[PDB]
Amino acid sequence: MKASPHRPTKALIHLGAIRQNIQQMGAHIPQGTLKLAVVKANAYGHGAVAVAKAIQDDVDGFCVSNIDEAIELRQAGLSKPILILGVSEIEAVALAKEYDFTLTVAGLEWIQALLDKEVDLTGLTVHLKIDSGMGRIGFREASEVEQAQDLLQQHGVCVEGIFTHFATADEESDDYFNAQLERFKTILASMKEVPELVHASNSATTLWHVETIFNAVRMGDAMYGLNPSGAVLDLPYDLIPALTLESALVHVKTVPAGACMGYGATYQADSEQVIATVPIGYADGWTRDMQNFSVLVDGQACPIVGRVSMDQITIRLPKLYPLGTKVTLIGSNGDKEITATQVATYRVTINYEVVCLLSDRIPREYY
């Protein structure tokens, strides 16, 4: 989808909030700890380039999900280290050396495919991924790690770091987290040589298991001011939500009792009422399950009535308003606020998904 600047629907991104969030996390981790800003998925829908430029001088490096996301940052002028967190294609070892990226290595088969293809590996920097119980990617046994470490170093790869990832750091129970931490430590303890940069901590590990931090933290959701646990756990200190989502009224009508709104005619006015149309819909990532959720107009909750269309929603207003009146979908308006977490809860999902699905059709504006 192409950014639509001539439509009044927009996402506002408070870059200072992101900076402040990084500061508050910094104030609460040990002194030498490296801060890696996770800006995968276009900085969780906030804008990877604009966010990276705003905060570069405050972090030690970036993390992205794939090499194309890293390339995007390099082309824009970002100069700090970038770690690609997932598996890369064989056809991208050469690029890492040319753009100066660090790659994650997670399995023997992958290394053996790279060796078979006979690519030169000499300049390459990598981190080894350990699967300590997330079951997603990484070496699962100590012997596998060392065999991989031996084989990489001998083809001249620099094995710089080693990391794992936690599945349950954002839950009340700490049993699964503890089991993973111990697995990871035992695997590190059995290596004859441990890579110099060891890291395991996502946002939730940083916020609730601060005493378990290794040499770096990978800051995601918290950087954007989002509670990684959603509504489950209280933050140990305040985070400011970076992203706000707004639009305006483009049609306002009074309808008599009996009038139906939307596909399926699933909503029927029981009395005379004011119905307004707002130019956002599911192609913008305001999904169909937002029906009956409220937006804010002039400090008041207005329900989305009838089905969400591809490009438009109809809402019920408490009275007549002019064309162009501001609609707040995420953010504050009057004395009321809607958070991305509140949106995720309504949809039965997590705030990560809400912000990522905000489509590129909505322009991002920065302040």
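Counting begins at 1, following the sequence as shown.
- Two stretches are in play, 13 to 21 and 353 to 361, and the higher mean C-alpha B-factor belongs to 13 to 21.
- Between 315 to 323 and 35 to 43, it is 315 to 323 that carries the larger average Cα temperature factor according to the deposited entry.
- Of the candidates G285, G77, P236, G138, the one whose C-alpha carries the top B factor in the deposited record is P236.
- You'll see in the entry that, of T212, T277, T102, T266, the Cα B factor peaks at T212.
- Ranked by C-alpha B-factor against the other modelled residues of its chain, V126 falls in the middle third.
- Ranked by Cα temperature factor within the chain, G281 sits in the lowest third according to the deposited record.
- When the modelled residues of the chain are ordered by their C-alpha B factor, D175 lands in the middle third.
- In the deposited entry, the Cα temperature factor of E109 sits in the middle third of values across the chain's modelled residues.
- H165 sits in the lowest third of its chain by CA B factor, as recorded in the PDB entry.
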